[PDB]
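Letters A, B, C, D, E, F, G, H, I and J name the chains as they come in the text, with residue numbers starting at 1 for each one.
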C-alpha cells in the first residue's frame, strides 16, 4: 500500500442523505475501494459519476450479482468481525455489485447494492453506461434480477424458449432437461433429464 | 498421395464431383435450378472456339 | 500466439491467404514450447497458485525460445511486406471502425482497442496494478492517433515485435554472462 | 524389484524369481553398488554431428 | 507497512521470513533491474529497512555479472552499507559473506 | 511409378543401394516411404542413410541430418505398403514411437544393451483395433455376449435377488422345506 | 507489500565514449531518419500540412497511375517466399516433436514383479476435474487393497494430467499414445482391462520417460 | 535500460560494423525518384 | 453378370471419393484451432486431398469440432441433413464425443452422437494435430473399404450373388 | 414510433407503394415486422395488480393474434388448431394466475414477449416451442393415441393407476 490513495468521499459529500460504508483490502489492488450503495439511489449516483469532473473519465469494467441468501462461513467462523463486508451477505436475498475504473484518479471503485425485495427490483444504468446493456442482460437472466428502465431485456447466453436462472444456488448444475433427437418428430426435442452421478 | 506423388488429384476430384448426389430445394424452381447450370456449362464449353494457336490455326 | 492468430484471421477475412500459413508455423513452434514445458501443446494448465514445476523449466528450452525469437523477425517482415504498405490493405482498414476515446470509455474498450484511441492504458506498466516482472523491465507500449482498424493492426504487429524484446530481457535476467578470469592469462576459465 | 540396500543375494533371488535376464545380477557388482548413491547413466554426443552413410 | 516494526528478532540482522513475501520479491526485482551504481544505491538506501544480506549479496552478484562500473556513488553510498552488514554477519551468514567477498574481489574494487 | 526419378538414379547412392540391397528393395523403398523425391534413400547424393534399426514388424527407421527442415530428420519405412493411404502412424511400436516423436534419442536395440526395460508381463504392440471384431467391448455392453454376468454382478453388489424354490419341493404343512444356502458353518449347532 | 522509490526517472545510460558499455554503432545515420518525418501533422491526426509540396504529387502519381501493389507484393511474396523449404511433416512416415511430459492415452502400470501399482486411494478420482474416473474397490482374497472396477470415460475426460500427478504410486500414467481413434462410442469407455493392456504394451516408453522425469529433481 | 542506447544489458556492441552493414539497408529512399523515373520512362 | 463391371467401378469410385474428401468449414470451440493446424503447412491436409468447403452442399465430411450446446443442436441437425449424400461424421474432442469437461452442465449436449450419427470419434481435449490427421486417414481407409466389405456371397463360380 | 411494434415497421405491399396509391398501410400485428428488433425496453413498472393483469391480458391478446402465423410458418397446424393452441396457452397462464407480485408479473411478461418474438422470427424450433402449445390432457391431433391404460384402469383412482404403473425401473 505504498501508493497515494484517497477515498471516493465525493459521492457521499454530494448525496448528503446517505451513510458511507467503505472498504479497502490488500486482497485487492492498491487503488481499489469498495462501497455500499442503496438501490433507490443507485441510478442517481451513476448519473453523478458519469458526468462529474474527476469521475467523468470512468468506465464500467464489470457488473454481476451474488446469491447471498445461502452464504455461510465454512471456516474460521469466530474470526468474523462486525466491520467485515461478509456481515451484509447474511439474510439478504441478493447482492448486485458493479465495478468501475476512473482514469483521472487512477482508481477502481466497486459498489455493492443489497436487494431484499423478493422480486429483485433495481434500476438499470445501461442508459448511462452503454456497455452495461449486455452485462445487465446476463445478470438478469442468470440470477433473475428484474432490471427496470433497461434498454433491452432480451436474454443473452440463454437457450431459446426456456426460462430459468441457473446461477442461483438452488439450481443444479446438471439442469432440468436434456435435448435429444426424436425420430417420430424427425427433429431435436427436449425432454426430462437423467444424468450420471460420480 | 492421391496417385503416386499426387499425379491424379484432378482426376479424383472430378470423379468425386460426378459421384456426389444432388437435391434441389423444395422452395426453389426445379426447372431453372437445373437449366441455369446447363446453359453455363454449354457456354463455358463453347469458349474454346474463340482461340487461336497460330497465324490462322 | 494470440496476436499471430488474430492478424492471420483478419488477413484471411480481408482476403489475403498465405498469411494464415505463415503465422500458424510460428504458432506451431510456440505450441511446441508449450508442450515441452508442460506436455500439452494447447490448454497447458501450467500455472498454479504458489507452486511451480521447476523441473520442467530447462535451460535448453530457453535457448530454443531465443532461437525462435531470432527467427520470428523473418515471419514478422514477411507479413509486414504484404500487408502494411499494400494499397488494398490500407484502403480496406484505414478509416474503418474509427472511434474516439469517449467510445473507448463508454463501452469499456480496453487493451489494443483502447490503445488505438491513444488512451495510453496498459495494466502491465501500472504502479498499483502490475502483477509480474513487467514493472521492472524496460519495454515500450504503442498507441495510435487514429482509432481505426489500420492503427489496431499496426499496434498488434508492434506488440508482437516488442514481446521478443520482453522475452529477451526476461531470459537475460536469469543468465550468467560473466565468468572467472585467470589472473595470469586474463582469459576465461 | 529391490533396492541396493537389500542383500545382493536377495536382489538376485528376486530378479530370478521375476525372470529378469536383461539386468546386471552379478553378485560382486551388486555388492559394490550396495549402499551406494550415484547419478544415473550418462552417454556422450560427440561433435561434429553428421549423417551415417553407406558409401560402399 | 502499517503497525509494522522492522527491528530484527535476532537483534543482529533482518531475515527474509520476517518481511512479507511481496516486499522481498519486489525489492529483489528492483535490485535486479538496477543497471547503475547511482540507481542501485538509491534503491538500497530507500529500502534499507527492508534490505537483507541475501539481497545485498545478490546486488553485488548482479553488478559483477553485468560489469556495472564501480564509481563514486558506489564508494560513497553502497560501501558503508556493505561494511555495516558484514560487521553484523555471523556464522549463519557464511553464504552472504563468501558471495559478497568473492564478487567484490572479482569486480576488483 | 518412377519410385526413383532419373535425377536420383543418376547419383552414386542409387547404384550403391542397387548393388547391395537389390532392385526390389531399392525400388520399393519409395513406395514404403513416399516422401520428397530427393529424399528417397536420404538427402545426400554420395550415399544412402544407414539404417538406424528395424522393429518387430519389419519397419525400417532412418535418421538423416542433411534434411532441409529440422522436423524431417527421422523417418519410417513400413513393411506393409500395399497402396497409398494404407499405412498409418499407429503401426509404430512403443519403443520407436518415442524415437520418432523425438522424446529421446535412444532407440530399441534387439539383442544388446537396451535403454528400455523388458519385463516378463509385457505384451506385443498392436495397431488401432477399432472397427474390428477385436475391438474394446465394455463389460455389460450389448456386443458382449457375456453381458448378463456383469449386469447380474453389478445388481447383486447392491441388492441380490432371493433365489426362490423351483419345481417340486417337500412340504411340511404350509411350508416349503429347503436346506440353507449359507456357505458359513453353524459351528454352535454342529458342536 | 510494496517498496519505496525516491527517483522515479530511470536516467539514460552514460553516453560518454570512454565509459564502458558504449556502442559506437547503435545509431545509423542512414536508417535513423525519423526527425525528418517526425514533424508531420498527418501522422498526428486528420489535419493536413499548411503547404503541400510536389513530393506528395509525385507519390500520389506513383501510387495511382502505376499501381505498385501487383508488382511489389507479387514479387516479394510469390517469387521469393517460394524459395524456402516446405515446413510440412509427413505424418504417416514422420512424427512431430513431443516431450516426455506429453499426456496421451491413460494406462495402468505394474511393479517389476507383476503386481499392480494401483491401490484404491481414489486420489485420482477426486482430482479428476471432469469426473471421468470411476473406482470401486474390494479386498482381494489374499488381502491386498486392490480395485475391482477402474473405469475412465475417455469421452468425458480432459487430458489435463491431474490423474497421474495425484497418483502417489505412479499407477495411472497418461502415456504417449495419441492415435486412439475409435469408431464406436463404446470403444472409448476404457475399463480396467483396457488400461492394464495399455500399460503392459506401453511400459517400455513410459518407463523410459519416467526415468528422466524422476531424475530431473535430483 | 534496454530501451535506451549504451545500456549495460546490451551485449553485441564490439565490432558490429560489418554485421550491421550486412543485416540492415545501406540506402535511403528518395520520395519522388521512383515516380519520376517510371513516369518519364513510360512516356518515352 | 453386372458384378464384372460393378466391382472394378466400385474400386474406382471408392478411390475417387477417398482422394477427394472435402470437409465442411465448421468449428465451434478450441478444437477449431487444431483443425486449422492440420490444414496449415506443418501437417498439410492437402497431401491427402482434403480441402474444406464453406457450404454443406459441397462437403463430404462433417467435422464436429467443439462443444455442442442445446441452443445449437437443431442447427447441427439441420446442417447434417442439408449436407449432400454420401457423407460421414467425425467427432473431435471430448466435448464433441461425450460432453467433455461440460458433461455435468445444464446447457451442453452430452454428445453430438445424440443429435447426429457419428461415423468416427477422435479422442482428445484438444486432440493433437497428428491425432486429427490419424482420425481422418483412418476414416478415409474405412470409407474406401465400405463399398465392398464382403457382404455378397460367392457362388460356385466365384461370382457374388 | 421507433420500436419493433411501431406502425412504420410494416412490410411494404409493393416495391413502389404501401398497399395503395391514395393511402399508406401495412400489417404488423398478425405477422412479423419489417425491421428486426434491436432493443426491447423493459415494461414500465406496474404499481398495481390491476396494471399487472392488464399487461397479462394484452400479452395474451398479442399471442392469440399471432398464433395462426406461427402455426403456418412452423408447420404445426396439424398438431393442433389455432383455437386449441390458444386454449393450451390459456391453461399455461391459468396455472400462473395465482401471482400477486407486480414486479414478478412484469418480468414474466417481458419473458413472454421475448419468446413470442423468437417464435415469430424462427429463432426457436417447432418441436422445442410446441411444448407451450401442447394439450395438457388431450392427444396431439397428428398422432394416433393409445387408450390401453384407460381401458385397463377404467374407473380406478389415480393413486391405483400410479401404483400399477410404477415410478422406478424394476431391473435395478
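Simple rule for what comes next: a contact is a pair of C-beta atoms (placed from the backbone, for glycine too) under 8 Å apart; a residue touches a chain by one contact, two chains touch by 3 or more.
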Contact-graph distance - origin subunit G, target subunit J: 2
Greatest separation from subunit D - chain, by CA centre: J
Per Cα centroids, the chain farthest from subunit C: J
Geometric centre distance via CA averages, subunit H-subunit C, whole Å: 24
Subunit B-subunit F separation of Cα centroids, rounded to whole Å: 45
Distance between chain centroids, defined by C-alpha means - subunit D, subunit H (Å): 60
Multi-chain contact sites of subunit I, meaning residues that touch two or more partners: 18, 41-42, 47-48, 74, 103-104, 125, 128, 130, 133-134, 137-138, 142
Sequence positions of subunit H contacting 2 or more other chains: 1, 4, 7-9
Interface hub residues of subunit A, defined as touching at least two other chains: 1, 3, 30, 160, 179, 187-188, 190, 196
Footprint of subunit E on subunit H - complex, ascending: 1, 7-9
Contacting residues of subunit D [partner subunit F, same complex]: 18-20, 22, 45, 49-56
Contacting residues of subunit C [partner subunit H, same complex]: 138-140, 165, 168-169, 172, 177
Interfacial residue positions of subunit I with respect to subunit G in the complex: 41-44, 47, 94, 97-101, 103-104, 111, 113, 118-125, 127-131, 133-135, 137-138, 142
Complex contact set, residues of subunit J against subunit A: 37-42, 45, 101, 103-104, 106-107, 110-111, 114-115, 117-119, 123-129, 131-132
